């Protein structure tokens, strides 16, 4: 996401100081994280005997239990319906290139079949099936999840602002742009220590408003305007913001500036979800993990036993 890291205040926090907090996990960010970091010695992903990747299932299972063991109650947040994701104020223009220039012409020729074998790949190793399988596993584990109307980071941020959860868990800083009061990094990955970023601290320290921060992100470049504004990094953007000339510059330099701003300010969110935990289906977990995905029975068994006890106590 936006490379805010070096320019915003952040603090290393211990796992103990995270004890008892409820958090909204950015599901897609977490799953991509697992695929990247849960690999073999040769950098190859974890797979079952059928050659299917299980890296994501490994992180979902073990990472979720790790948090619960430390009294951190997670609620997984996933992205909305790929076909339709227009988030309340997110339909005016596009969510891709469907409406506008996407090219309609007869080209079924070989270049279309080598291509008709060239569409299921850029969806990375994280396929809808895999994402669906992760949702299934969370269900068996008794862990609550929400399917956001659109971007999961907006849903999670909303949940944090509401106070249903203490922070958004992700490796990206982007939740701050949606008004998330707190983001906690390095929980799904522990190379480095957990890192807590508080939005209010960032704003007070930099002496800027949330709208200013969104402006800086747009200069740098968001998923909605990759590459940002020609030759402008954090410092120059922050300079333009403090001078009070950012909004004029952005209106000139970024088409759909007002549209991009609305995405962060008025996303489509939902209140239909529960943070309640359910006792885990031990047998179904073992079938899916051990039987169908070749996880080690012993380790899995000890873990579903631990999971059940934790939830029971919590419940």
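Residue numbers count along the first chain shown, from 1.
Between 178-186 and 105-113, the higher mean Cα B-factor belongs to 105-113. Note on 78-86 vs 147-155: mean CA B-factor is higher in 78-86.
Of the candidates 287, 268, 41, 261, the PDB record gives 41 the highest C-alpha temperature factor. Among 135, 161, 121, 207, the highest C-alpha B-factor recorded in the PDB entry belongs to 121.
Remark: residue 294 belongs to the middle third of its chain, ranked by C-alpha B-factor as recorded.
Among the modelled residues of its chain, residue 98 has a C-alpha B-factor that falls in the highest third according to the deposited record. For residue 272, the recorded CA B-factor ranks within the highest third of the chain. Only modelled residues enter the ranking.
Sort the chain's modelled residues by C-alpha temperature factor and residue 282 lands in the lowest third, per the entry. Ranked against the other modelled residues of its chain, the C-alpha B-factor of residue 70 as given in the entry falls in the highest third.
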